[PDB]
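Heads up, the thing below is written out as structure tokens.
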Amino acid sequence: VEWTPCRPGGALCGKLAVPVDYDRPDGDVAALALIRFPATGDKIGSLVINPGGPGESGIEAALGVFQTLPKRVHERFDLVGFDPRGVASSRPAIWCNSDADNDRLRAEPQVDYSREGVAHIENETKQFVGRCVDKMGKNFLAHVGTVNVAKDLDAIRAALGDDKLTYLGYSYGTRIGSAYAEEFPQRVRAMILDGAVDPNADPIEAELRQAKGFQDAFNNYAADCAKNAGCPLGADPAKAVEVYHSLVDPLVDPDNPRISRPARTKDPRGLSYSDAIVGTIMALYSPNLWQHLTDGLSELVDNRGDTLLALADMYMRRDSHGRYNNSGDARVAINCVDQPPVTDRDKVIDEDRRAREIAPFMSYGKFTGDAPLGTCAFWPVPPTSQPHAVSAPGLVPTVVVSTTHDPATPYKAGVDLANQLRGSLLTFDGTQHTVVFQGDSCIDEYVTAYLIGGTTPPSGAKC
């Protein structure tokens, strides 16, 4: 790996070729992009990070992490971000949708689960899968899975001159962590995993727990808001969901649910129902975004939707010129090969029945007796991994950071992952997705002490 400065720090960038298929290392070849912020003191090794997603860029993540990095850590480690195979700047990058394909889906209310509606959604899914294959080919798509990201991580580890790996992973990055721990445990120096994914979970029960997560985050937000002047959800938090629907449901024609009635915005798109929901979901990632959600809902009282559209744009990674990065396309592709997809219609129909009851704020109208299959039920290449309990007996102790009311990756997953790893659980009291190197000085002391001196938080540690 030949290093070079970038086009924002003391940063160096580089590429590293890995085989696309790890059984055909003389066959097709991918190149991973790396960024590197040199250590300013006595160097221990490289701190390698992953932001999660999947489809999120680690290079763009390292630039953000750099600003909030404890001085002691920055003294002792290179901060290294990478882009996983198929993601952001790595080549080839997963592409399925044009920018116009994305806007077109986002203009639909996506709320009609009658048979016609479900056929329409399922038809759009098929054209999507087709567009993936046409642009990427069945070979590359077969190997974007985490099991192969883990193999690149060890190629990366070795390419930076470290005997063991020091690793920080958020969210989906947790799944990369435990995968690397299973296949290269003798190469793990240290590991922080914030916002856990449990590779042993049943996919449907996890989603329902995630729905519950977000309903619960919504509850918390709404209750906070209720104490504030002029709260758009009303002063009585037990009626928030209904008020919330009184604000978002008019965005759908009440006589034909395929017809969007979008709120006025300076942007030409306006605000669709599906964007309103996605905007809400985005804000519930972090209390830093609650002010924006409140602004967003306030605008809706006046039939405006500028702030919710911006929040949905943030989530979808659409910039001000209408260009999308590949995080959405890559997200789907990588998720589809990480585990067997649900193909049983009945168990998908029942999941919709349950989610409507668990997360009413997300659900429109009533249960219809029908629901669409997820994109992955139509994936042309098979999963490269399967739900199982993490078993990596000789792994060093690791730290798993879990937030009590995390909506994306709930507290319980964190607990369970820590058990399988038989490492330390560190608890954050809060309502957000992840917390490490994000301001909180208590979390950061524990993590800095672990990273440098290998010292783990004591059983029951909470912040």
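Following the order of the structure tokens, first chain is A, next is B, and so on, with residues numbered from 1 inside each chain and ligands from 1 in the order they appear.
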Tell me, as a PyMOL selection string, which residues lie within 7 Å of residue 17 of chain A, counting only C-alpha atoms; anything in the same chain fewer than 6 positions away does not count.
-> chain A and resi 29-32
Using only N, CA, C and O atoms, please write the residues we just selected to a file, as a compact mmCIF listing (two decimals), in the first residue's frame.
# COMPACT_ATOMS: atom_id res chain seq x y z
N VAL A 29 -10.38 -8.76 -9.01
CA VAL A 29 -9.72 -8.03 -7.94
C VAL A 29 -10.43 -6.72 -7.57
O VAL A 29 -10.76 -5.92 -8.44
N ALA A 30 -10.66 -6.51 -6.27
CA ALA A 30 -11.24 -5.26 -5.77
C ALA A 30 -10.17 -4.39 -5.12
O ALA A 30 -9.16 -4.91 -4.65
N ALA A 31 -10.39 -3.08 -5.10
CA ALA A 31 -9.47 -2.16 -4.41
C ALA A 31 -10.19 -1.38 -3.31
O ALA A 31 -11.17 -0.66 -3.58
N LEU A 32 -9.70 -1.51 -2.08
CA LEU A 32 -10.29 -0.81 -0.94
C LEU A 32 -9.61 0.53 -0.69
O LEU A 32 -8.39 0.62 -0.77
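For residue 438 of chain A, the non-local neighbours within 12 Å, defined as residues at least 4 positions apart in the same chain or in other chains and counting only C-alpha atoms, are residues 64, 65, 66, 67, 68, 69, 70, 170, 194, 286, 288, 428, 432, 433, 434, 442, 443, 444 and 447 of chain A.
Distances from A:9, A:341, A:287, A:423 to residue 377 of chain A were compared using only C-alpha atoms, and the smallest one belongs to A:341.
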Please, which residues of segment 33-146 of chain A, numbered as in this document, come out helix (DSSP H, G or I) from DSSP, as a PyMOL selection string?
-> chain A and resi 58-68+71-76+99-107+115-136+138-142+146
For segment 158-247 of chain A against segment 292-313 of chain A, with a cut-off of 8 Å and counting only C-alpha atoms, what is the closest atom pair and its distance in Å to one decimal for every residue that makes the cut, ordered by chain and number, as JSON lines?
{"residue": "A:225", "atom": "CA", "partner": "A:294", "partner_atom": "CA", "distance": 7.7}
{"residue": "A:231", "atom": "CA", "partner": "A:294", "partner_atom": "CA", "distance": 7.3}
{"residue": "A:232", "atom": "CA", "partner": "A:298", "partner_atom": "CA", "distance": 5.4}
{"residue": "A:233", "atom": "CA", "partner": "A:297", "partner_atom": "CA", "distance": 7.9}
{"residue": "A:247", "atom": "CA", "partner": "A:300", "partner_atom": "CA", "distance": 6.2}
Selection near residue 156 of chain A, 10 Å with only C-alpha atoms, sequence-local residues under 2 positions removed, as a PDB file with C-alpha atoms, in the first residue's frame:
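Dumped everything to out_21.pdb:
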ATOM      1  CA  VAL A   1       0.000   0.000   0.000  1.00  0.00           C
ATOM      2  CA  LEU A  16      -5.255  -1.952  -1.188  1.00  0.00           C
ATOM      3  CA  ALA A  17      -6.133  -4.695  -3.666  1.00  0.00           C
ATOM      4  CA  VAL A  18      -7.927  -7.770  -2.346  1.00  0.00           C
ATOM      5  CA  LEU A  32     -10.294  -0.809  -0.935  1.00  0.00           C
ATOM      6  CA  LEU A  34      -8.136   3.808   3.184  1.00  0.00           C
ATOM      7  CA  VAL A  48      -9.251   0.762  12.697  1.00  0.00           C
ATOM      8  CA  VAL A  80      -7.632   4.456  10.193  1.00  0.00           C
ATOM      9  CA  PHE A  82     -11.677   2.086   5.415  1.00  0.00           C
ATOM     10  CA  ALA A 150     -13.665  -9.817   7.719  1.00  0.00           C
ATOM     11  CA  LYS A 151     -11.020 -11.387   5.452  1.00  0.00           C
ATOM     12  CA  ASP A 152     -10.152  -7.959   4.005  1.00  0.00           C
ATOM     13  CA  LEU A 153      -9.859  -6.586   7.547  1.00  0.00           C
ATOM     14  CA  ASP A 154      -7.022  -9.008   8.187  1.00  0.00           C
ATOM     15  CA  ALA A 158      -1.289  -6.795   7.916  1.00  0.00           C
ATOM     16  CA  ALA A 159      -0.899  -3.993   5.374  1.00  0.00           C
ATOM     17  CA  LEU A 160      -0.508  -1.370   8.106  1.00  0.00           C
ATOM     18  CA  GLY A 161       2.199  -3.288   9.943  1.00  0.00           C
ATOM     19  CA  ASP A 162       0.208  -4.432  12.964  1.00  0.00           C
ATOM     20  CA  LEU A 165      -5.838  -5.597  15.289  1.00  0.00           C
TER      21      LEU A 165
END
Write out as a ChimeraX atom specification which residues come within 8 Å of residue 459 of chain A when counting only C-alpha atoms, dropping same-chain ones fewer than 2 positions away.
-> /A:424-425,457,461
Keeping only N, CA and C atoms, take the residues you just selected and write them out as a PDB file, in the first residue's frame.
ATOM      1  N   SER A 424     -16.784  -7.634  28.418  1.00  0.00           N
ATOM      2  CA  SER A 424     -17.380  -6.593  29.252  1.00  0.00           C
ATOM      3  C   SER A 424     -18.542  -5.859  28.593  1.00  0.00           C
ATOM      4  N   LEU A 425     -19.646  -5.722  29.321  1.00  0.00           N
ATOM      5  CA  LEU A 425     -20.711  -4.825  28.909  1.00  0.00           C
ATOM      6  C   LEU A 425     -20.566  -3.456  29.604  1.00  0.00           C
ATOM      7  N   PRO A 457     -13.994  -2.321  31.745  1.00  0.00           N
ATOM      8  CA  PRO A 457     -14.915  -1.808  32.768  1.00  0.00           C
ATOM      9  C   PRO A 457     -15.371  -2.917  33.715  1.00  0.00           C
ATOM     10  N   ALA A 461     -20.735  -1.630  35.189  1.00  0.00           N
ATOM     11  CA  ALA A 461     -20.332  -0.265  34.837  1.00  0.00           C
ATOM     12  C   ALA A 461     -21.421   0.440  34.019  1.00  0.00           C
TER      13      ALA A 461
END
What lies within 7 Å of segment 347-351 of chain A using only C-alpha atoms, ignoring chain neighbours under 6 positions off, as an mmCIF file with C-alpha atoms, in the first residue's frame?
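Okay, part23.cif is ready:
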data_model
loop_
_atom_site.group_PDB
_atom_site.id
_atom_site.type_symbol
_atom_site.label_atom_id
_atom_site.label_comp_id
_atom_site.auth_asym_id
_atom_site.auth_seq_id
_atom_site.Cartn_x
_atom_site.Cartn_y
_atom_site.Cartn_z
ATOM 1 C CA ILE A 204 -38.107 -11.278 12.292
ATOM 2 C CA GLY A 369 -54.249 -9.182 5.765
ATOM 3 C CA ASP A 370 -51.393 -8.732 3.307
ATOM 4 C CA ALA A 371 -47.823 -7.398 3.317
ATOM 5 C CA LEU A 373 -41.798 -9.454 0.971
#
For residue 403 of chain A, list every protein, DNA or RNA residue within 10 Å, evaluated using only C-alpha atoms, and leave out those in the same chain fewer than 2 positions away; present the list as a PyMOL selection string.
-> chain A and resi 194-196+401+405-407+409-412+414+426-435+462-463
Run DSSP on the backbone of this structure and report the residues of segment 13-168 of chain A it assigns to strand (DSSP E), as a PyMOL selection string.
-> chain A and resi 13-19+29-37+45-50+77-82+165-168
Residues just named, written with N, CA and C atoms as a tab-separated table (two decimals), in the first residue's frame:
chain	number	residue	atom	x	y	z
A	13	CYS	N	-3.93	8.90	2.32
A	13	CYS	CA	-4.89	7.98	1.70
A	13	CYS	C	-4.19	6.89	0.90
A	14	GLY	N	-4.87	5.78	0.70
A	14	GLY	CA	-4.28	4.69	-0.04
A	14	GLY	C	-5.29	3.68	-0.51
A	15	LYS	N	-4.86	2.81	-1.41
A	15	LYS	CA	-5.70	1.74	-1.89
A	15	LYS	C	-5.01	0.42	-1.61
A	16	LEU	N	-5.80	-0.63	-1.47
A	16	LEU	CA	-5.26	-1.95	-1.19
A	16	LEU	C	-6.07	-2.98	-1.96
A	17	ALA	N	-5.42	-3.71	-2.86
A	17	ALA	CA	-6.13	-4.69	-3.67
A	17	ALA	C	-6.37	-5.96	-2.86
A	18	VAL	N	-7.58	-6.49	-2.95
A	18	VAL	CA	-7.93	-7.77	-2.35
A	18	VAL	C	-8.63	-8.63	-3.41
A	19	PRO	N	-8.64	-9.95	-3.23
A	19	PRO	CA	-9.35	-10.71	-4.26
A	19	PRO	C	-10.86	-10.60	-4.07
A	29	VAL	N	-10.38	-8.76	-9.01
A	29	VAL	CA	-9.72	-8.03	-7.94
A	29	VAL	C	-10.43	-6.72	-7.57
A	30	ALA	N	-10.66	-6.51	-6.27
A	30	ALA	CA	-11.24	-5.26	-5.77
A	30	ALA	C	-10.17	-4.39	-5.12
A	31	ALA	N	-10.39	-3.08	-5.10
A	31	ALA	CA	-9.47	-2.16	-4.41
A	31	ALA	C	-10.19	-1.38	-3.31
A	32	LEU	N	-9.70	-1.51	-2.08
A	32	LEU	CA	-10.29	-0.81	-0.94
A	32	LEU	C	-9.61	0.53	-0.69
A	33	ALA	N	-10.40	1.56	-0.39
A	33	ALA	CA	-9.86	2.88	-0.08
A	33	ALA	C	-9.61	3.03	1.42
A	34	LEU	N	-8.48	3.63	1.78
A	34	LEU	CA	-8.14	3.81	3.18
A	34	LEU	C	-7.74	5.24	3.47
A	35	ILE	N	-8.06	5.71	4.67
A	35	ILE	CA	-7.56	6.99	5.15
A	35	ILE	C	-6.82	6.75	6.48
A	36	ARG	N	-5.83	7.60	6.77
A	36	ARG	CA	-4.92	7.41	7.89
A	36	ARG	C	-4.47	8.73	8.50
A	37	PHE	N	-4.87	8.94	9.75
A	37	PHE	CA	-4.44	10.09	10.53
A	37	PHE	C	-3.32	9.68	11.47
A	45	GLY	N	-0.18	1.19	17.60
A	45	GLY	CA	-0.65	0.52	16.40
A	45	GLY	C	-1.71	1.37	15.74
A	46	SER	N	-2.49	0.78	14.84
A	46	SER	CA	-3.53	1.55	14.17
A	46	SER	C	-4.88	1.23	14.79
A	47	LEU	N	-5.63	2.26	15.15
A	47	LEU	CA	-7.03	2.09	15.49
A	47	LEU	C	-7.86	2.09	14.21
A	48	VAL	N	-8.41	0.93	13.87
A	48	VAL	CA	-9.25	0.76	12.70
A	48	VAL	C	-10.73	0.87	13.06
A	49	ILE	N	-11.47	1.77	12.41
A	49	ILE	CA	-12.91	1.93	12.69
A	49	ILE	C	-13.87	1.54	11.55
A	50	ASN	N	-15.11	1.23	11.94
A	50	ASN	CA	-16.22	1.03	11.01
A	50	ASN	C	-17.49	1.67	11.57
A	77	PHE	N	-2.43	6.13	18.74
A	77	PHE	CA	-2.85	5.36	17.57
A	77	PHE	C	-2.97	6.18	16.28
A	78	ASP	N	-2.71	5.53	15.15
A	78	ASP	CA	-3.15	6.04	13.86
A	78	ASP	C	-4.65	5.87	13.83
A	79	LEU	N	-5.40	6.87	13.41
A	79	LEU	CA	-6.82	6.62	13.18
A	79	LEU	C	-6.97	6.17	11.73
A	80	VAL	N	-7.52	4.99	11.54
A	80	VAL	CA	-7.63	4.46	10.19
A	80	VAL	C	-9.08	4.15	9.90
A	81	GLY	N	-9.60	4.75	8.84
A	81	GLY	CA	-10.89	4.35	8.34
A	81	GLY	C	-10.75	3.60	7.02
A	82	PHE	N	-11.66	2.68	6.75
A	82	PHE	CA	-11.68	2.09	5.42
A	82	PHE	C	-13.10	2.05	4.86
A	165	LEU	N	-4.92	-6.64	15.72
A	165	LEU	CA	-5.84	-5.60	15.29
A	165	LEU	C	-6.48	-4.85	16.46
A	166	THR	N	-6.43	-3.53	16.42
A	166	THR	CA	-7.24	-2.75	17.36
A	166	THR	C	-8.41	-2.15	16.58
A	167	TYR	N	-9.63	-2.37	17.06
A	167	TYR	CA	-10.82	-2.17	16.24
A	167	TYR	C	-11.93	-1.50	17.02
A	168	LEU	N	-12.58	-0.53	16.38
A	168	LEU	CA	-13.78	0.09	16.92
A	168	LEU	C	-14.91	-0.03	15.91
